[PDB]
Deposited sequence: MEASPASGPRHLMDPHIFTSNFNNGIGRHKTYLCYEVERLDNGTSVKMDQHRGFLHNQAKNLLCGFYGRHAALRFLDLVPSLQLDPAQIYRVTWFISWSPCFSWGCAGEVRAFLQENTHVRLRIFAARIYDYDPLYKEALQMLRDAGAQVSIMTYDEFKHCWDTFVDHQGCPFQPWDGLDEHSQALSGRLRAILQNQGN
């Protein structure tokens, strides 16, 4: 019901040029594997040192609203994240997501990242930790960009229009993420 401005989407999910914030689109489906129950998007709480606030990453904001999703513990769910920056360890979700997957075995998590957030020195260990805890960790391709536009954006009937370099950036980042997860 709450949809994203087209400009916000294309300025934040471009897999070639970064932004100083993170958006996260999310979908919950009930598993004989077909039921689409809760959808939305959110961004990080910006760091604001004038109020002495060190910020809250978008993935941690997703964990904050899980209670409000009212997932029935008698059902199995798949949670999908479309995140403009890969999750990280430092000030990140990696540890709390690991904890959240350990204590909630009825939840499967799938994470598609537009870009790799390597500004965290431990970003490799973060991605490896999420995989160890049974999360699927992937790079957004054309299919994921288009699904996100079709589902989360106020497109007003305008079909998704790929930016220049979309497939090239996707392949390069897929290469990097595979070398990280090979280890």
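Against the full deposited sequence, the model leaves out several stretches, namely 1-9, 41-44, 197-199.
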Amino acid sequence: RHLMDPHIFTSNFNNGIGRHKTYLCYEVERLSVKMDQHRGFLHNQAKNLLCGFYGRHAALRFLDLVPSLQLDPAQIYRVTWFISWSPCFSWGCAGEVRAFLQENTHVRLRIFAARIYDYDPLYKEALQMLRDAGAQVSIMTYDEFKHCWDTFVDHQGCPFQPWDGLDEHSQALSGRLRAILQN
From here on, numbers count along this sequence of modelled residues.
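When the two stretches 111-119 and 36-44 are set side by side, the higher mean Cα temperature factor goes to 36-44.
Comparing 90-98 with 74-82, the higher mean C-alpha B-factor in the PDB entry belongs to 90-98. Annotation for 62, 145, 53, 152: 53 ranks highest, by Cα B-factor.
In the deposited coordinates, the residue among 140, 58, 137, 49 with the greatest CA B-factor is 49. Annotation for residue 165: C-alpha temperature factor in the middle third relative to the rest of the modelled chain, per the entry. When the CA B factors of the chain's modelled residues are split into thirds, the value for residue 16 lands in the middle one.
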